[PDB]
>>> print(open('data05.cif').read())   # mmCIF, C-alpha atoms (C1' of nucleotides) and all ligand atoms
data_final
#
loop_
_atom_site.group_PDB
_atom_site.id
_atom_site.type_symbol
_atom_site.label_atom_id
_atom_site.label_comp_id
_atom_site.auth_asym_id
_atom_site.auth_seq_id
_atom_site.Cartn_x
_atom_site.Cartn_y
_atom_site.Cartn_z
ATOM 1 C CA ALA A 12 0.000 0.000 0.000
ATOM 2 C CA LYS A 13 2.850 2.524 0.865
ATOM 3 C CA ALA A 14 4.578 3.641 -2.423
ATOM 4 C CA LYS A 15 8.155 5.084 -2.041
ATOM 5 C CA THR A 16 9.173 7.081 -5.216
ATOM 6 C CA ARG A 17 12.108 5.326 -7.015
ATOM 7 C CA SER A 18 14.028 8.685 -7.013
ATOM 8 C CA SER A 19 14.055 8.226 -3.159
ATOM 9 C CA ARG A 20 15.256 4.547 -3.510
ATOM 10 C CA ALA A 21 18.305 5.959 -5.456
ATOM 11 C CA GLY A 22 18.685 9.089 -3.259
ATOM 12 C CA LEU A 23 18.286 11.199 -6.436
ATOM 13 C CA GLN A 24 16.332 14.505 -6.585
ATOM 14 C CA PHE A 25 15.876 13.899 -10.398
ATOM 15 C CA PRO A 26 12.653 11.954 -11.212
ATOM 16 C CA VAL A 27 13.791 8.366 -12.158
ATOM 17 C CA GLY A 28 10.081 7.731 -12.942
ATOM 18 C CA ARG A 29 9.652 10.569 -15.515
ATOM 19 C CA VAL A 30 13.049 9.544 -17.046
ATOM 20 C CA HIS A 31 11.760 5.882 -17.477
ATOM 21 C CA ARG A 32 8.548 7.126 -19.223
ATOM 22 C CA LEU A 33 10.353 9.736 -21.441
ATOM 23 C CA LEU A 34 12.725 6.895 -22.586
ATOM 24 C CA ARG A 35 9.933 4.343 -23.453
ATOM 25 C CA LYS A 36 7.854 7.133 -25.185
ATOM 26 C CA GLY A 37 11.087 8.526 -26.741
ATOM 27 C CA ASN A 38 11.323 5.695 -29.322
ATOM 28 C CA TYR A 39 14.954 5.160 -28.124
ATOM 29 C CA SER A 40 14.334 1.346 -27.824
ATOM 30 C CA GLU A 41 11.665 -1.403 -27.598
ATOM 31 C CA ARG A 42 12.768 -2.314 -24.008
ATOM 32 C CA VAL A 43 14.322 -0.121 -21.223
ATOM 33 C CA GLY A 44 16.058 -1.956 -18.312
ATOM 34 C CA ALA A 45 14.926 -0.589 -14.851
ATOM 35 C CA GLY A 46 18.439 0.570 -13.741
ATOM 36 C CA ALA A 47 18.810 2.711 -16.936
ATOM 37 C CA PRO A 48 16.486 5.587 -15.812
ATOM 38 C CA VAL A 49 18.152 5.620 -12.323
ATOM 39 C CA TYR A 50 21.634 5.689 -14.009
ATOM 40 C CA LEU A 51 20.432 8.521 -16.302
ATOM 41 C CA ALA A 52 18.523 10.744 -13.714
ATOM 42 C CA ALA A 53 21.758 10.280 -11.651
ATOM 43 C CA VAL A 54 24.088 11.546 -14.447
ATOM 44 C CA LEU A 55 21.501 14.328 -15.147
ATOM 45 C CA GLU A 56 21.305 15.523 -11.483
ATOM 46 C CA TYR A 57 25.171 15.353 -11.332
ATOM 47 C CA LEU A 58 25.896 17.670 -14.349
ATOM 48 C CA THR A 59 22.993 19.897 -13.113
ATOM 49 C CA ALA A 60 24.903 20.391 -9.773
ATOM 50 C CA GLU A 61 28.339 20.638 -11.495
ATOM 51 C CA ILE A 62 27.004 23.729 -13.427
ATOM 52 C CA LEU A 63 24.858 25.087 -10.485
ATOM 53 C "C1'" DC B 1 69.366 41.110 -45.350
ATOM 54 C "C1'" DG B 2 69.553 36.994 -43.332
ATOM 55 C "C1'" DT B 3 68.568 32.463 -43.387
ATOM 56 C "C1'" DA B 4 65.951 28.314 -43.625
ATOM 57 C "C1'" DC B 5 64.173 25.450 -46.709
ATOM 58 C "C1'" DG B 6 64.408 22.692 -51.599
ATOM 59 C "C1'" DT B 7 66.888 19.537 -54.923
ATOM 60 C "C1'" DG B 8 69.521 16.000 -55.695
ATOM 61 C "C1'" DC B 9 73.070 12.485 -55.251
ATOM 62 C "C1'" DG B 10 74.844 9.344 -52.118
ATOM 63 C "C1'" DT B 11 74.490 5.731 -47.879
ATOM 64 C "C1'" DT B 12 71.065 3.105 -44.318
ATOM 65 C "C1'" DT B 13 66.966 1.019 -43.542
ATOM 66 C "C1'" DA B 14 63.109 -1.508 -43.190
ATOM 67 C "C1'" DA B 15 58.561 -1.786 -45.727
ATOM 68 C "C1'" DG B 16 56.579 -4.691 -48.619
ATOM 69 C "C1'" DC B 17 55.755 -9.331 -50.312
ATOM 70 C "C1'" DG B 18 54.339 -14.165 -50.271
ATOM 71 C "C1'" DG B 19 54.076 -17.909 -47.907
ATOM 72 C "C1'" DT B 20 54.007 -20.781 -43.674
ATOM 73 C "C1'" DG B 21 52.620 -22.165 -38.900
ATOM 74 C "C1'" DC B 22 49.754 -21.741 -34.166
ATOM 75 C "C1'" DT B 23 45.651 -20.250 -31.744
ATOM 76 C "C1'" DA B 24 42.829 -16.484 -29.723
ATOM 77 C "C1'" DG B 25 38.674 -15.032 -30.292
ATOM 78 C "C1'" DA B 26 34.425 -14.161 -33.283
ATOM 79 C "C1'" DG B 27 30.190 -15.441 -33.689
ATOM 80 C "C1'" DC B 28 26.640 -19.184 -34.045
ATOM 81 C "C1'" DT B 29 23.544 -22.767 -31.884
ATOM 82 C "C1'" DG B 30 20.464 -24.478 -28.222
ATOM 83 C "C1'" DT B 31 18.592 -24.124 -23.486
ATOM 84 C "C1'" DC B 32 16.308 -21.632 -19.453
ATOM 85 C "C1'" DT B 33 16.266 -17.303 -16.397
ATOM 86 C "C1'" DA B 34 15.661 -13.375 -15.119
ATOM 87 C "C1'" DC B 35 13.918 -9.339 -16.267
ATOM 88 C "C1'" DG B 36 10.589 -6.194 -18.338
ATOM 89 C "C1'" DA B 37 6.163 -5.344 -20.968
ATOM 90 C "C1'" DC B 38 1.171 -5.123 -19.989
ATOM 91 C "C1'" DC B 39 -2.934 -4.164 -16.943
ATOM 92 C "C1'" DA B 40 -5.397 -2.599 -13.308
ATOM 93 C "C1'" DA B 41 -6.132 0.124 -9.449
ATOM 94 C "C1'" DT B 42 -4.551 3.361 -6.086
ATOM 95 C "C1'" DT B 43 -2.371 7.089 -4.805
ATOM 96 C "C1'" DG B 44 0.459 11.885 -3.954
ATOM 97 C "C1'" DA B 45 3.965 14.307 -6.763
ATOM 98 C "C1'" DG B 46 3.896 18.034 -9.586
ATOM 99 C "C1'" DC B 47 1.372 21.836 -12.101
ATOM 100 C "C1'" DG B 48 -1.446 26.064 -12.899
ATOM 101 C "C1'" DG B 49 -3.746 30.042 -9.999
ATOM 102 C "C1'" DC B 50 -3.137 33.507 -6.239
ATOM 103 C "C1'" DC B 51 -0.616 36.948 -3.048
ATOM 104 C "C1'" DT B 52 3.686 39.108 -0.700
ATOM 105 C "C1'" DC B 53 8.147 41.548 0.087
ATOM 106 C "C1'" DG B 54 13.042 41.931 -1.216
ATOM 107 C "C1'" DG B 55 16.546 41.624 -4.608
ATOM 108 C "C1'" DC B 56 17.529 44.087 -8.337
ATOM 109 C "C1'" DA B 57 17.817 48.074 -11.707
ATOM 110 C "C1'" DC B 58 17.895 52.644 -11.143
ATOM 111 C "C1'" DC B 59 19.446 57.261 -10.040
ATOM 112 C "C1'" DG B 60 21.946 61.095 -8.765
ATOM 113 C "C1'" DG B 61 26.063 62.552 -6.208
ATOM 114 C "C1'" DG B 62 30.780 62.362 -4.699
ATOM 115 C "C1'" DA B 63 35.437 59.499 -5.016
ATOM 116 C "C1'" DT B 64 39.196 56.657 -7.270
ATOM 117 C "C1'" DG B 65 41.815 55.935 -10.621
ATOM 118 C "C1'" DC B 66 43.167 56.377 -15.962
ATOM 119 C "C1'" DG B 67 44.442 59.010 -20.267
ATOM 120 C "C1'" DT B 68 45.189 63.322 -22.312
ATOM 121 C "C1'" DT B 69 47.734 67.520 -22.608
ATOM 122 C "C1'" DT B 70 51.090 70.438 -21.591
ATOM 123 C "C1'" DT B 71 54.141 72.463 -18.091
ATOM 124 C "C1'" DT B 72 58.502 71.863 -15.491
ATOM 125 C "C1'" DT B 73 62.180 69.264 -14.767
ATOM 126 C "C1'" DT B 74 66.030 65.672 -15.272
ATOM 127 C "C1'" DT B 75 69.145 63.646 -17.961
ATOM 128 C "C1'" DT B 76 71.548 63.322 -21.859
ATOM 129 C "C1'" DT B 77 74.129 65.373 -25.946
ATOM 130 C "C1'" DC B 78 76.023 68.654 -28.943
ATOM 131 C "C1'" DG B 79 78.415 73.323 -30.268
ATOM 132 C "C1'" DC B 80 80.334 78.098 -29.229
ATOM 133 C "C1'" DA B 81 82.714 81.101 -26.568
ATOM 134 C "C1'" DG B 82 85.327 81.480 -22.696
ATOM 135 C "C1'" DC B 83 88.720 79.441 -19.720
ATOM 136 C "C1'" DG B 84 94.004 77.538 -17.304
ATOM 137 C "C1'" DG B 85 98.090 75.486 -18.449
ATOM 138 C "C1'" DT B 86 101.984 74.507 -22.624
ATOM 139 C "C1'" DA B 87 105.522 76.665 -25.186
ATOM 140 C "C1'" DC B 88 108.550 79.838 -26.009
HETATM 141 CL CL CL C 1 18.858 -1.570 -16.148
HETATM 142 K K K C 2 37.732 -14.591 -35.590
HETATM 143 K K K C 3 18.480 -13.469 -18.493
#
>>> encode(input="data05.cif", output="structure tokens")
Amino acid sequence: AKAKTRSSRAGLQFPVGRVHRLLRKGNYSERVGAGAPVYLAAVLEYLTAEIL
DNA sequence: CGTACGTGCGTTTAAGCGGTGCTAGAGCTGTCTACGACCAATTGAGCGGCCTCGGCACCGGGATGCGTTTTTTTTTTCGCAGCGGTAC
């Protein structure tokens, strides 16, 4: 019943959920692994901080 | 005006070739596992309205430093007449 947001499970502020959707609806591939969005929201957050 | 390329002829090298010998590693087949797509339902994260108050652009009014001229000086750099010692 209690739904923790994946972004929390990675300790990322970047939305690992919205990254997963954007990828599947991006037409990048047929199938997205479940680590991929994590890995990507991570890298995104990181470069966001590096500039900020 | 100075010099560092360019040509070319002469030595040094090692690339290229064709063939031979050994073996990693490419790249396929079959099997089976784990992982991810799909669905449904349930949520709260995230978005479009409101309503401040404070960070920012502004403004005018001196203050610091930066460039221009042009005035006064310091240092160097010839040139003319006015010396002190030779010479006799
Ligand atoms: Cl993955
Ligand atoms: K091979
Ligand atoms: K597998």
>>> resolve_selection(input="data05.cif", expression="the PyMOL selection byres (((not hetatm)) within 10 of (chain C and resi 1))", output="PyMOL selection string")
(chain A and resi 42-50) or (chain B and resi 35-36)
>>> interface_residues(input="data05.cif", of="chain B", to="chain A", cutoff="10 Å", atoms="all atoms listed in the file", output="number ranges by chain")
B: 35-37, 42-45
>>> atom_distance(input="data05.cif", atom1="CA of residue 60 in chain A", atom2="CA of residue 37 in chain A")
24.9 Å
>>> closest_atom_pairs(input="data05.cif", of="chain B", to="ligand K 2 (chain C)", cutoff="10 Å", atoms="all atoms listed in the file", output="CSV")
residue,atom,partner,partner_atom,distance
B:24,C1',C:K2,K,8.0
B:25,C1',C:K2,K,5.4
B:26,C1',C:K2,K,4.1
B:27,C1',C:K2,K,7.8
>>> resolve_selection(input="data05.cif", expression="the PyMOL selection byres (((not hetatm)) within 10 of (chain C and resi 3))", output="list in words")
residues 32, 33, 34 and 35 of chain B
>>> resolve_selection(input="data05.cif", expression="the PyMOL selection byres (((chain A and resi 24) around 12) and not hetatm)", output="CSV table (one decimal) with C-alpha atoms, in the coordinates of the input")
chain,number,residue,atom,x,y,z
A,16,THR,CA,9.2,7.1,-5.2
A,17,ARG,CA,12.1,5.3,-7.0
A,18,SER,CA,14.0,8.7,-7.0
A,19,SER,CA,14.1,8.2,-3.2
A,20,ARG,CA,15.3,4.5,-3.5
A,21,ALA,CA,18.3,6.0,-5.5
A,22,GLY,CA,18.7,9.1,-3.3
A,23,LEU,CA,18.3,11.2,-6.4
A,25,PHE,CA,15.9,13.9,-10.4
A,26,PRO,CA,12.7,12.0,-11.2
A,27,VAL,CA,13.8,8.4,-12.2
A,28,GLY,CA,10.1,7.7,-12.9
A,29,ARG,CA,9.7,10.6,-15.5
A,49,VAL,CA,18.2,5.6,-12.3
A,52,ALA,CA,18.5,10.7,-13.7
A,53,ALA,CA,21.8,10.3,-11.7
A,54,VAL,CA,24.1,11.5,-14.4
A,55,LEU,CA,21.5,14.3,-15.1
A,56,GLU,CA,21.3,15.5,-11.5
A,57,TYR,CA,25.2,15.4,-11.3
A,59,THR,CA,23.0,19.9,-13.1
A,60,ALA,CA,24.9,20.4,-9.8
>>> axis_aligned_box(input="data05.cif", around="range 59-66 of chain B", padding_each_side="8 Å", output="AutoDock Vina command-line options")
--center_x 31.3 --center_y 59.2 --center_z -10.3 --size_x 39.7 --size_y 22.6 --size_z 27.3
>>> atom_distance(input="data05.cif", atom1="CA of residue 15 in chain A", atom2="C1' of residue 40 in chain B")
19.2 Å
>>> atom_distance(input="data05.cif", atom1="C1' of residue 56 in chain B", atom2="CA of residue 58 in chain A")
28.4 Å
>>> decode(input="data05.cif", residues="range 40-62 of chain B", atoms="N, CA, C and O atoms (P, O5', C5', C4', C3', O3' and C1' of nucleotides)", output="PDB file, in the first residue's frame")
ATOM      1  P    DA B  40      -7.047  -3.186 -18.037  1.00  0.00           P
ATOM      2  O5'  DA B  40      -7.626  -3.298 -16.558  1.00  0.00           O
ATOM      3  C5'  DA B  40      -7.317  -4.419 -15.701  1.00  0.00           C
ATOM      4  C4'  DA B  40      -7.030  -3.931 -14.299  1.00  0.00           C
ATOM      5  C3'  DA B  40      -7.706  -2.604 -13.930  1.00  0.00           C
ATOM      6  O3'  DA B  40      -8.613  -2.731 -12.827  1.00  0.00           O
ATOM      7  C1'  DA B  40      -5.397  -2.599 -13.308  1.00  0.00           C
ATOM      8  P    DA B  41      -9.623  -1.523 -12.463  1.00  0.00           P
ATOM      9  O5'  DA B  41      -9.397  -1.309 -10.905  1.00  0.00           O
ATOM     10  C5'  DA B  41      -8.654  -2.247 -10.115  1.00  0.00           C
ATOM     11  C4'  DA B  41      -7.799  -1.483  -9.134  1.00  0.00           C
ATOM     12  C3'  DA B  41      -8.395  -0.136  -8.693  1.00  0.00           C
ATOM     13  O3'  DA B  41      -8.628  -0.143  -7.268  1.00  0.00           O
ATOM     14  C1'  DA B  41      -6.132   0.124  -9.449  1.00  0.00           C
ATOM     15  P    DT B  42      -9.247   1.147  -6.484  1.00  0.00           P
ATOM     16  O5'  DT B  42      -7.986   1.693  -5.675  1.00  0.00           O
ATOM     17  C5'  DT B  42      -6.842   0.838  -5.406  1.00  0.00           C
ATOM     18  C4'  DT B  42      -5.653   1.640  -4.924  1.00  0.00           C
ATOM     19  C3'  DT B  42      -5.996   2.975  -4.254  1.00  0.00           C
ATOM     20  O3'  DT B  42      -5.189   3.238  -3.101  1.00  0.00           O
ATOM     21  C1'  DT B  42      -4.551   3.361  -6.086  1.00  0.00           C
ATOM     22  P    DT B  43      -5.610   4.384  -2.043  1.00  0.00           P
ATOM     23  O5'  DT B  43      -4.190   4.895  -1.546  1.00  0.00           O
ATOM     24  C5'  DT B  43      -3.870   6.289  -1.618  1.00  0.00           C
ATOM     25  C4'  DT B  43      -2.732   6.534  -2.579  1.00  0.00           C
ATOM     26  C3'  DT B  43      -2.267   7.982  -2.562  1.00  0.00           C
ATOM     27  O3'  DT B  43      -1.141   8.029  -1.692  1.00  0.00           O
ATOM     28  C1'  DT B  43      -2.371   7.089  -4.805  1.00  0.00           C
ATOM     29  P    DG B  44      -1.081   9.096  -0.525  1.00  0.00           P
ATOM     30  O5'  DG B  44       0.066  10.076  -1.016  1.00  0.00           O
ATOM     31  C5'  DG B  44       1.291   9.547  -1.551  1.00  0.00           C
ATOM     32  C4'  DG B  44       1.764  10.430  -2.682  1.00  0.00           C
ATOM     33  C3'  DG B  44       2.043  11.878  -2.278  1.00  0.00           C
ATOM     34  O3'  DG B  44       3.097  12.357  -3.109  1.00  0.00           O
ATOM     35  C1'  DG B  44       0.459  11.885  -3.954  1.00  0.00           C
ATOM     36  P    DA B  45       4.485  12.794  -2.490  1.00  0.00           P
ATOM     37  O5'  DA B  45       5.330  13.158  -3.791  1.00  0.00           O
ATOM     38  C5'  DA B  45       5.700  12.148  -4.761  1.00  0.00           C
ATOM     39  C4'  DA B  45       5.530  12.670  -6.171  1.00  0.00           C
ATOM     40  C3'  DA B  45       6.263  13.979  -6.472  1.00  0.00           C
ATOM     41  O3'  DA B  45       6.656  14.066  -7.838  1.00  0.00           O
ATOM     42  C1'  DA B  45       3.965  14.307  -6.763  1.00  0.00           C
ATOM     43  P    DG B  46       7.692  15.175  -8.302  1.00  0.00           P
ATOM     44  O5'  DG B  46       6.805  16.105  -9.228  1.00  0.00           O
ATOM     45  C5'  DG B  46       6.126  15.530 -10.339  1.00  0.00           C
ATOM     46  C4'  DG B  46       5.140  16.538 -10.860  1.00  0.00           C
ATOM     47  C3'  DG B  46       5.732  17.935 -11.024  1.00  0.00           C
ATOM     48  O3'  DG B  46       5.167  18.491 -12.206  1.00  0.00           O
ATOM     49  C1'  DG B  46       3.896  18.034  -9.586  1.00  0.00           C
ATOM     50  P    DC B  47       5.827  19.745 -12.908  1.00  0.00           P
ATOM     51  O5'  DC B  47       4.556  20.582 -13.379  1.00  0.00           O
ATOM     52  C5'  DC B  47       3.489  19.945 -14.097  1.00  0.00           C
ATOM     53  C4'  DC B  47       2.235  20.777 -13.985  1.00  0.00           C
ATOM     54  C3'  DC B  47       2.479  22.280 -14.134  1.00  0.00           C
ATOM     55  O3'  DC B  47       1.489  22.930 -14.929  1.00  0.00           O
ATOM     56  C1'  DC B  47       1.372  21.836 -12.101  1.00  0.00           C
ATOM     57  P    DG B  48       1.853  24.263 -15.735  1.00  0.00           P
ATOM     58  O5'  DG B  48       0.497  25.090 -15.713  1.00  0.00           O
ATOM     59  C5'  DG B  48      -0.756  24.423 -15.875  1.00  0.00           C
ATOM     60  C4'  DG B  48      -1.782  25.088 -14.995  1.00  0.00           C
ATOM     61  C3'  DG B  48      -1.814  26.604 -15.143  1.00  0.00           C
ATOM     62  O3'  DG B  48      -3.186  26.982 -15.140  1.00  0.00           O
ATOM     63  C1'  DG B  48      -1.446  26.064 -12.899  1.00  0.00           C
ATOM     64  P    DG B  49      -3.558  28.502 -15.130  1.00  0.00           P
ATOM     65  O5'  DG B  49      -3.286  28.897 -13.620  1.00  0.00           O
ATOM     66  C5'  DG B  49      -3.480  30.245 -13.233  1.00  0.00           C
ATOM     67  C4'  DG B  49      -4.566  30.296 -12.191  1.00  0.00           C
ATOM     68  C3'  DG B  49      -4.684  31.662 -11.533  1.00  0.00           C
ATOM     69  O3'  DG B  49      -6.053  31.966 -11.302  1.00  0.00           O
ATOM     70  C1'  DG B  49      -3.746  30.042  -9.999  1.00  0.00           C
ATOM     71  P    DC B  50      -6.426  33.410 -10.831  1.00  0.00           P
ATOM     72  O5'  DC B  50      -6.017  33.355  -9.303  1.00  0.00           O
ATOM     73  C5'  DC B  50      -5.268  34.421  -8.758  1.00  0.00           C
ATOM     74  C4'  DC B  50      -5.143  34.208  -7.274  1.00  0.00           C
ATOM     75  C3'  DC B  50      -4.573  35.427  -6.562  1.00  0.00           C
ATOM     76  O3'  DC B  50      -5.421  35.841  -5.500  1.00  0.00           O
ATOM     77  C1'  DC B  50      -3.137  33.507  -6.239  1.00  0.00           C
ATOM     78  P    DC B  51      -5.323  37.325  -5.000  1.00  0.00           P
ATOM     79  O5'  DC B  51      -4.027  37.279  -4.076  1.00  0.00           O
ATOM     80  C5'  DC B  51      -3.967  36.351  -2.973  1.00  0.00           C
ATOM     81  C4'  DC B  51      -2.738  36.603  -2.132  1.00  0.00           C
ATOM     82  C3'  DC B  51      -2.362  38.075  -2.002  1.00  0.00           C
ATOM     83  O3'  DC B  51      -1.710  38.279  -0.758  1.00  0.00           O
ATOM     84  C1'  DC B  51      -0.616  36.948  -3.048  1.00  0.00           C
ATOM     85  P    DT B  52      -1.402  39.744  -0.300  1.00  0.00           P
ATOM     86  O5'  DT B  52       0.028  40.030  -0.937  1.00  0.00           O
ATOM     87  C5'  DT B  52       0.883  41.046  -0.388  1.00  0.00           C
ATOM     88  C4'  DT B  52       2.018  40.405   0.376  1.00  0.00           C
ATOM     89  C3'  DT B  52       3.299  41.238   0.428  1.00  0.00           C
ATOM     90  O3'  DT B  52       3.566  41.572   1.791  1.00  0.00           O
ATOM     91  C1'  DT B  52       3.686  39.108  -0.700  1.00  0.00           C
ATOM     92  P    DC B  53       4.279  40.517   2.735  1.00  0.00           P
ATOM     93  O5'  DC B  53       5.794  40.667   2.293  1.00  0.00           O
ATOM     94  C5'  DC B  53       6.783  39.664   2.556  1.00  0.00           C
ATOM     95  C4'  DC B  53       8.076  40.169   1.968  1.00  0.00           C
ATOM     96  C3'  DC B  53       8.417  41.604   2.399  1.00  0.00           C
ATOM     97  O3'  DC B  53       9.795  41.981   2.412  1.00  0.00           O
ATOM     98  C1'  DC B  53       8.147  41.548   0.087  1.00  0.00           C
ATOM     99  P    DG B  54      10.911  40.894   2.575  1.00  0.00           P
ATOM    100  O5'  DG B  54      11.458  40.702   1.091  1.00  0.00           O
ATOM    101  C5'  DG B  54      12.185  39.502   0.748  1.00  0.00           C
ATOM    102  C4'  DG B  54      13.232  39.794  -0.300  1.00  0.00           C
ATOM    103  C3'  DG B  54      14.397  40.648   0.177  1.00  0.00           C
ATOM    104  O3'  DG B  54      15.445  40.615  -0.778  1.00  0.00           O
ATOM    105  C1'  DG B  54      13.042  41.931  -1.216  1.00  0.00           C
ATOM    106  P    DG B  55      16.781  39.897  -0.421  1.00  0.00           P
ATOM    107  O5'  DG B  55      17.392  39.580  -1.849  1.00  0.00           O
ATOM    108  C5'  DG B  55      16.680  38.737  -2.765  1.00  0.00           C
ATOM    109  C4'  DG B  55      16.763  39.316  -4.156  1.00  0.00           C
ATOM    110  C3'  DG B  55      18.144  39.833  -4.551  1.00  0.00           C
ATOM    111  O3'  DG B  55      18.414  39.291  -5.852  1.00  0.00           O
ATOM    112  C1'  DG B  55      16.546  41.624  -4.608  1.00  0.00           C
ATOM    113  P    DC B  56      19.804  39.553  -6.595  1.00  0.00           P
ATOM    114  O5'  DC B  56      19.429  40.744  -7.582  1.00  0.00           O
ATOM    115  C5'  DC B  56      18.257  40.610  -8.395  1.00  0.00           C
ATOM    116  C4'  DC B  56      17.900  41.915  -9.061  1.00  0.00           C
ATOM    117  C3'  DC B  56      19.081  42.752  -9.551  1.00  0.00           C
ATOM    118  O3'  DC B  56      18.906  43.050 -10.938  1.00  0.00           O
ATOM    119  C1'  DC B  56      17.529  44.087  -8.337  1.00  0.00           C
ATOM    120  P    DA B  57      20.119  43.630 -11.800  1.00  0.00           P
ATOM    121  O5'  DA B  57      19.501  44.962 -12.423  1.00  0.00           O
ATOM    122  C5'  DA B  57      18.213  44.926 -13.059  1.00  0.00           C
ATOM    123  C4'  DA B  57      17.653  46.316 -13.266  1.00  0.00           C
ATOM    124  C3'  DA B  57      18.630  47.353 -13.816  1.00  0.00           C
ATOM    125  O3'  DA B  57      17.959  48.186 -14.765  1.00  0.00           O
ATOM    126  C1'  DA B  57      17.817  48.074 -11.707  1.00  0.00           C
ATOM    127  P    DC B  58      18.712  49.437 -15.403  1.00  0.00           P
ATOM    128  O5'  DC B  58      18.369  50.594 -14.371  1.00  0.00           O
ATOM    129  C5'  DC B  58      17.006  51.001 -14.189  1.00  0.00           C
ATOM    130  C4'  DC B  58      16.957  52.133 -13.194  1.00  0.00           C
ATOM    131  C3'  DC B  58      17.952  53.259 -13.488  1.00  0.00           C
ATOM    132  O3'  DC B  58      17.237  54.361 -14.075  1.00  0.00           O
ATOM    133  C1'  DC B  58      17.895  52.644 -11.143  1.00  0.00           C
ATOM    134  P    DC B  59      18.020  55.636 -14.684  1.00  0.00           P
ATOM    135  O5'  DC B  59      18.108  56.614 -13.431  1.00  0.00           O
ATOM    136  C5'  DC B  59      17.042  56.724 -12.458  1.00  0.00           C
ATOM    137  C4'  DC B  59      17.501  57.615 -11.328  1.00  0.00           C
ATOM    138  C3'  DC B  59      18.540  58.641 -11.786  1.00  0.00           C
ATOM    139  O3'  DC B  59      18.227  59.990 -11.423  1.00  0.00           O
ATOM    140  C1'  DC B  59      19.446  57.261 -10.040  1.00  0.00           C
ATOM    141  P    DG B  60      18.719  61.209 -12.365  1.00  0.00           P
ATOM    142  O5'  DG B  60      19.560  62.121 -11.365  1.00  0.00           O
ATOM    143  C5'  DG B  60      19.010  62.547 -10.107  1.00  0.00           C
ATOM    144  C4'  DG B  60      20.038  62.397  -9.012  1.00  0.00           C
ATOM    145  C3'  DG B  60      21.258  63.317  -9.154  1.00  0.00           C
ATOM    146  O3'  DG B  60      21.412  64.040  -7.921  1.00  0.00           O
ATOM    147  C1'  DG B  60      21.946  61.095  -8.765  1.00  0.00           C
ATOM    148  P    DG B  61      22.436  65.284  -7.776  1.00  0.00           P
ATOM    149  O5'  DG B  61      22.923  65.154  -6.262  1.00  0.00           O
ATOM    150  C5'  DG B  61      22.916  63.882  -5.562  1.00  0.00           C
ATOM    151  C4'  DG B  61      24.293  63.552  -5.031  1.00  0.00           C
ATOM    152  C3'  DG B  61      25.361  64.616  -5.308  1.00  0.00           C
ATOM    153  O3'  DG B  61      26.180  64.822  -4.151  1.00  0.00           O
ATOM    154  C1'  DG B  61      26.063  62.552  -6.208  1.00  0.00           C
ATOM    155  P    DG B  62      27.227  66.036  -4.110  1.00  0.00           P
ATOM    156  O5'  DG B  62      28.552  65.379  -4.703  1.00  0.00           O
ATOM    157  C5'  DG B  62      29.829  65.565  -4.074  1.00  0.00           C
ATOM    158  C4'  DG B  62      30.285  64.276  -3.434  1.00  0.00           C
ATOM    159  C3'  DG B  62      31.799  64.090  -3.471  1.00  0.00           C
ATOM    160  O3'  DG B  62      32.276  63.420  -2.300  1.00  0.00           O
ATOM    161  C1'  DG B  62      30.780  62.362  -4.699  1.00  0.00           C
TER     162       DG B  62
END
